[PDB]
Structure formats: structure tokens, C-alpha cells
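In the block that follows, a single chain appears as C-alpha cells, in the form deposited in one PDB entry.
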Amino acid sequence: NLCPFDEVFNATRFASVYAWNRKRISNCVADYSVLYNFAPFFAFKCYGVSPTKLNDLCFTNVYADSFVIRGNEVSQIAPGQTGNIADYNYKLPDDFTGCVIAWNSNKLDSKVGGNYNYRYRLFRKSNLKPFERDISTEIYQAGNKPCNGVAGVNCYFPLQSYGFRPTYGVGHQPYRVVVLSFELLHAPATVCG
């Protein structure tokens, strides 16, 4: 049985960065050759595994996370980068064996009005711990006032939309990201090639 690589790389919607949709591929022959078929991956950028060898290796599970970040930020979803996206929204660990893959999903996620359903977290008190997932609506203040959750001086809604719109340049265009990781534990490996 082959691993279900088709509902991960094709879906009609992808998780927005604040909710980053992790998933688990387990107990299946996985040939990472099913892909390399449709993604002119801007940045396949695999780290440490390289393409041919993983056809060969076997591991306990493969974790595939999916997000939608605009083009200028695709650099940040990598190891060792700092910025709004990798510090308040998704943090890759310092050490990694995985392949970020991004394709310009201009056609599906672009609304001429804007697609206000894709959003990112502008402000958080501390940088996210590696692979942390954080989902909340809580007001961020600058003053000491609790502010009672209203839109006012020193009171703001932390998520903000990407405002994706077609007449926008390459920098501001949806770029779906799939961060495949390789988890190996002392338990017997079940995801071979």
C-alpha cells in the first residue's frame, strides 16, 4: 500500500499559518517519487536526506505540515530564520531532515476582493518553541489597561489577513508550503520505501 500523498499535495484549501495543519503518514510503502510530478517547487530545498537516498531509507512516520505564506516569506520557513512568520507563526527546529516545497497557488487562493480567510499572527510576547502550534483570539495591548477586549488605543486584534488579490506582484501571492519531516524512534520502522 502506498502512502496517501494526494490529499496532502492537492486539497482545495490549505491550513492558514496560525492553524498550521500537521498530519501523519504511517505504515505504508512511501516512494517520494509520486511527487516531483506537479510542483515546480519554488525551493524544494531538501536538507540532509537528498532526493535519491530516501527512496531507499525506512522510518517510523513522516510528518507533513501545510500552510499558506506569501512569496516574500517563503525564505523564512527554513532552518534558522527569524521574522514574523518563523517567530510568531511556525518554527522549524534548528536540526532538520526535510523538504520544504512551495508552489505559486495563485489561481486557487486569490480573491479579487481578497481572500480574507488566510491570516497570520502579527504580535506575540515570545518566539514560538520549535514545532509549537498556537491558536487564539486574545487582545494585545501596549498600555497597562486591560482594555476589556475592544478595538482601541493600545488594543488590537492579533491575527491580520494577507489580503491576497490577483493584481498583486510575485511577492504578495499565495505560496502553499508543505514541510515534510522524517521521524525515527526506537520502535520498529513501519514507513519503508
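Definition used throughout: the rigid core is the maximal C-alpha set that superposes within 1.5 Å between two forms. The first residue of the shown sequence is 1; numbering continues from there.
If you look for the form deposited in another entry, you will not find it shown, but the lines that follow are about it.
- After superposition on the rigid core, the single residue among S26, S161, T52, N127 whose C-alpha moves by 2 Å or more between the shown form and the other one is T52.
- Superposition of the core reveals a Cα shift of 2 Å or more for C147 between the shown form and the other one.
- With a change of no less than 3 Å, the CA-CA distance between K53 and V100 is smaller in the other entry than in the form shown.
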